[PDB]
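As structure tokens, one chain now follows by itself in the form deposited in one PDB entry.
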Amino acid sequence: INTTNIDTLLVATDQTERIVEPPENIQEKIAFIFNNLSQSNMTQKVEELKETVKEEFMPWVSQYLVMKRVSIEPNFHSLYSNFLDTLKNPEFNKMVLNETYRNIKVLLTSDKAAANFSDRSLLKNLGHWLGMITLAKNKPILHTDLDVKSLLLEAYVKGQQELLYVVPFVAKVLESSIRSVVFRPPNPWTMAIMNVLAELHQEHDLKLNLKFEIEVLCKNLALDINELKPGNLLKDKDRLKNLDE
């Protein structure tokens, strides 16, 4: 019923290593700034936040930005991304990236049976954001931060309900690769992920809307889906033999 419920993320935060919470009034000024951020006042809002938020409140700001804003405001992802570019604070950028990963994994590893209606969307939104502030800015998504290719293999094994969450998430991340000088096709990292999706696409029983996701992603990356090179990574892995060490 609620398209923007972030309770899944909030409850997970109430169990993260507690951080410095700013006073209520500084908290209020931060909310004001992000409520009123636009392209026309961005430079001033950056100076505003700098003159208002002490350095020790930075972790809380990255948490506020990622969990409460970015998660449910995909229409302002470019704005918030451009805000990071204007602020030019590399340490804040890493907090934001870490928080992004943290909330993404909270959703990926949630028991989907107990999920909120909004969680599929929250994950797609955070995926879209992740691609924008990494690949789109010519920064790699390191496998030690998020192993995207393995994520797909693992989802395949867990089944369709997992694939329903994971495949649109991967699509949203990879959309930014076409805007990346580094990661656009035929970058090997992007292409390996695309070749796994092609393998998925070949599954006769993969749900139609997931086949559609993959085919639309291909068009967005200017890739002929028929020219992809799917392997046998899905099958493959002698799971019976592997039981013997």
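Residue numbers here begin at 1 and follow the sequence given. Think of the rigid core as the biggest set of C-alphas that the two forms share within 1.5 Å after superposition.
For the pair 80-88 and 109-117, the mean B factor over Cα atoms is greater in 109-117. Look at the mean CA B-factor for 125-133 and for 149-157 in the entry; the higher one is 149-157. When the C-alpha B factors of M194, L206, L65, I33 are read from the deposited coordinates, the top value falls at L206.
In the deposited entry, the Cα temperature factor of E99 places it in the middle third of its chain's modelled residues. Ranked by C-alpha B-factor against the other modelled residues of its chain, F57 falls in the highest third. Ranked by C-alpha B-factor against the other modelled residues of its chain, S177 falls in the lowest third. Among the modelled residues of its chain, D236 has a C-alpha B-factor that falls in the lowest third, as given in the PDB entry. In this PDB entry, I26 carries a Cα temperature factor that places it within the highest third of its chain's modelled residues.
There is also a form deposited in another entry; it is not shown, and the following applies to it.
Residue shifts between the shown form and the other one, rigid core superposed: of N116, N98, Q160, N89, the only C-alpha displaced by 2 Å or more belongs to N116.
With a cut-off of 2 Å and the rigid core superposed, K237 has a Cα displacement that reaches or exceeds the cut-off between the shown form and the other one.
Put simply, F212 and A113 come closer in the other form: their C-alpha atoms are 3 Å or more nearer than in the form shown.
The gap between the Cα atoms of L240 and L233 is smaller in the other form, by no less than 3 Å, than in this form.
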